[PDB]
Amino acid sequence: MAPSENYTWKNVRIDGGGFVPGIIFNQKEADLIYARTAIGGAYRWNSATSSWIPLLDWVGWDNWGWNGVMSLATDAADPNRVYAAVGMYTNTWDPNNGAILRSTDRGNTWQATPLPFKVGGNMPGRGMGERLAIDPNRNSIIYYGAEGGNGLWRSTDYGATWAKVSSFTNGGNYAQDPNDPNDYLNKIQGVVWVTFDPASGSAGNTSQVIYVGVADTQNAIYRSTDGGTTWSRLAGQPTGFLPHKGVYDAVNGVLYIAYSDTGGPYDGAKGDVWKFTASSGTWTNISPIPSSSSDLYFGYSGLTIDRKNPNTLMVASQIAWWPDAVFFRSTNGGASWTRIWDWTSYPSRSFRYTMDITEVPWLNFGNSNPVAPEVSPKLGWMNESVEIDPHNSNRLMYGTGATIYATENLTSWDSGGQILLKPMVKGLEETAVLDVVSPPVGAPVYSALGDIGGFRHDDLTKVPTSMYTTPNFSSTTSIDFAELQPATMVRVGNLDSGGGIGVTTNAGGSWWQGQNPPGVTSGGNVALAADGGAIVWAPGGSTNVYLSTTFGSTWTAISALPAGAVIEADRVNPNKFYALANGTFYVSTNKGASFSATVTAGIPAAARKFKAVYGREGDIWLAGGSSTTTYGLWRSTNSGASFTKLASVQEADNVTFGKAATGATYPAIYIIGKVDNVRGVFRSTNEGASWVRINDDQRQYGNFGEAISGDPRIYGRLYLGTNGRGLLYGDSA
Ligand SMILES: [Br-]
Ligand SMILES: [K+]
C-alpha cells in the first residue's frame, strides 16, 4: 500500500461559476442554509466565516454521479438532520442509480440508501422542486418525487429505507423532447415536488394533508387528506402547464403554485401563478402577467413566501433571457404585484435594485459597455430558486446559472427604494476545469474553465478581475505556454456557436484572436512550441490538425494526424511535437509540419492524456486505459519511439510534473489513478518507482482530474482540476 502524507487542500478562489438550482433555508433555525448543485455536490452555509462548506467531497471515482444533487431537505423538527437525493444523469452518462443520503450532523457525515432508478441532478427539469420533503409534524416520514415515471416514494424510518407509494398512481408523462436523438431531453421528469400542510398534524402525528406536483399538463397537482394513504387529483385545478413550485402557507391556508410550459431550467415561454384556498376550495389566477396575455413570454418559477409576513410573496421569470430576468413581489397575497424593473421609455428601464459585484468582478463577463436594454452584470437567468429567509424578511437569495445573489434590505422594495444585491458564493466553487498550466515565472496558475472562460490567477486567495478577453471564450478547452518563453501563450475554446484561438506575448496582459482553419466547431486542443515559434491546433469539428508559423494569422493542414488528436509540444526542443490518438502515438521533428506514427501497439486505445517533462527533451509520460482493456502509466525517454509501462501503477488517467524533492534528481510526478488497490491522487519523487497518496477519502471530488498541473516553483504542490468543484491546490502539510 502507498502510504499517505498529510496535505492541505483548498480551492483556488473564483467564487461560484456554476448553476445553483436550489437554495434551502431551515424553517426553525436561523442562518441554517443549504445549497444544492447540478454537478458539484451540496453545501452548508457557515455564518461565522461567511462562506459555504462543501458536504459531498467524499464522493469518489466510482460513485461520481452522487455529486448531482437533485433535491435536499433540512429537518425543521431537528435541525441536525439533512437529506439529499443524489445522482447526475438518467441517461447512459451516469452508469449508476441514484440514492438518498441521510445525515444526523448537518452533512458532516452521511449514510446512503441506493434507489432502484436513476436521479437526474444535471438533467432537464432539475430546477423544479424540492422533490424531497420531510413531514414537519412527524420527522420519521420523508417523501421523494421520483423521475422516470417511478412515481412517489416514501420512507417512514428517517430516510433509512424507501419504497414506492402504491396508491400514488401518476408518475408524470412529460419529457422535454421525447424523440431527442441525443438521448438527453427525452427523460420523464416525473413527480416534481412534495409540500405539506403543517396545520394538518401536530408534533408526533402524521400530517394528514399533503400536496404533490407532477410534470403532467393535465394532472399537475395531487393531494392526500388522509396522511398519504390515498391520493387524488386536486379538483378545479388549471391545465396546460407544469408546476415548478408549490409553496403552502398555513397562516392563510393557501397553496401557491408557479407553472411553466417546460420543465426548465433553460427555457419556458408561458405559464401562470395560481392560488388555491384550502378552506373554500377556491382557485384564483394571481399571475403578475397571465398566460392569456400575449405580453407574457416566460413561465414562472422562483416562488417564495415570506414566512415572517406571509401575505408577502415573490415569483420570477422562467425564463426571460431578454432583456434580463424579472422578479415580481406582492404584499397582499397576490392581489397585486410590482416588478423589480420597468420600462420607462424603451430601451431605458427603471430599477428597484442595484448590484455590487466588486467581490466577484468577473460577473460582468468582461463587458462594461453593454448595449441597452441590457446591463452588465445582469440580474440573472436560470433563476428557478428564489428564496426569502424565513427568519428575516429583509434577506433573499437566488441562484443563477453562474452564482448566488443575495440582498439584506429586501423590504426597501416596499417603501419605493432599491434593494442591494451582491454575490454570496465564497466557498461554493462549482466550475469545471478543462485545462490548467503553471508557468515557471509570473502568475502561479492559469485556468481554462467551462462557462466562464478561465483566468490568470495572480493570487490563489483572490478572485480574478476578469476572465480572458479578446477573445472571450465561453469555455476554454486548452491552454499552453512556450516553455522557454513563458510570456508567450495560446488558448483555444468555444465562442458563439463555434471555436477560436487567443494568443499573447505578455503572459495574458492582453490577448488577440487568431484566424481559424476550416471546419472549426469547438476549441479542441492546442500546443505551443517551446520557443513560441509554432502552434499546432487540433480544433473540434475540423477534419485535420493544423500548423501555424504566423502566431495564428494563417494555418496549414497536417496530413498524417487524425482529427481531434491530443497534441503536446516537447518542452525543450522547439522542433518536436507529439500526438496521441486511439492507440497510436505520432511524432514531428520538423516543428509540426509533418507527423508520423511511431507506436501502434501497447498503448490502450482509450488513453488520451500525456505530457512531456519540462527540462527533459523527449521524456514523455502517458496515462490511460479502461478496466475492460489495459490501464496504467507509461513512459518514453526516446521522444516517443517506445514506451514502457510502470509496474508500480494499476491505473492512471492523467499525469503531470512539479518541483523535485530536495536532493531528488527528477521532477515530482503526480497522477490521478489507482495504486496498490487504492483510488486517488498520488505523488512520486523517485521517477515512478514508488508512490505516496496525497488526497484522502474525504477529498476525492468525484470525476476529477481532466486537468492537472504540478508547480515547477513549489515542491509538493498540485493544481487539481475537477468537474464541478473548481480548481483545487494541494500543498504538503
Ligand atoms: Br427570452
Ligand atoms: K422565454
Side-chain angles (χ1 to χ4, degrees), residues 19-22 38 122-129 174-178 180 184-185 189 192 213 215 217 220 238-245 257-274 285-304 314-329 337-353 355 363-365 367 370-386 398-403 405 421 451 474 496-497:
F19 176 40
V20 176
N122 199 38
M123 299 295 293
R126 65 195 170 284
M128 296 192 281
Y174 166 84
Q176 186 188 140
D177 180 359
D180 178 21
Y184 179 62
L185 304 173
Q189 294 187 14
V192 294
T217 59
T239 57
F241 304 94
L242 307 169
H244 280 229
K245 297 287 167 114
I257 305 141
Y259 297 84
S260 182
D261 65 332
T262 76
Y266 293 122
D267 55 8
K270 280 307 208 175
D272 289 285
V273 185
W274 286 79
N285 183 330
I286 62 166
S287 300
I289 312 169
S291 60
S292 59
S293 168
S294 61
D295 295 346
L296 189 62
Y297 63 104
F298 45 86
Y300 294 97
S301 193
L303 181 62
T304 178
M314 287 179 76
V315 70
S317 56
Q318 182 56 54
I319 187 156
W321 293 105
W322 181 96
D324 208 335
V326 199
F327 289 13
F328 301 94
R329 183 172 168 87
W337 307 86
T338 54
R339 27 192 299 152
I340 206 180
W341 64 260
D342 276 297
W343 300 113
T344 43
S345 166
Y346 186 90
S348 311
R349 291 183 290 144
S350 63
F351 299 95
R352 308 184 188 273
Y353 82 91
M355 190 165 265
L363 277 165
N364 81 337
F365 288 80
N367 188 354
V371 48
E374 188 169 295
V375 290
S376 181
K378 289 180 68 173
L379 191 63
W381 59 84
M382 297 158 68
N383 49 265
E384 293 262 20
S385 184
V386 175
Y398 68 93
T400 72
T403 201
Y405 285 117
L421 288 163
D451 303 325
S474 54
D496 50 74
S497 190

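Heads up: numbering here begins at 1 and tracks the sequence. We use all heavy atoms of the structure for the numbers below, so side chains are in, but hydrogens, waters and symmetry mates are not. Atoms within each ligand, like the ligands themselves, are counted from 1 in listed order.
- Ring pair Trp343/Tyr346 is tilted by interplanar angle, where 30° to 60° counts as tilted.
- Within the structure, every pair that satisfies the salt bridge (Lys or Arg N to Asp or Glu O under 4.0 Å) test and touches residues 339-351, not counting sequence neighbours, is listed here: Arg339-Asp342.
- Of all protein N/O/S atoms, those under 3.4 Å from the K ion (ligand 2) are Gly268 O, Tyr297 O, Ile319 O, and waters are not counted.
- In this structure a side-chain-to-backbone donor-acceptor pair under 3.5 Å is missing from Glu374 to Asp324.
- No side-chain donor-acceptor contact under 3.5 Å links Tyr174 to the backbone of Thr217.
- The side-chain heavy atoms of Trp337 and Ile286, taken from C-beta on, include a pair separated by under 4.5 Å.
- Annotation: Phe327 is in aromatic contact with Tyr398 [ring centroid separation under 6.0 Å].
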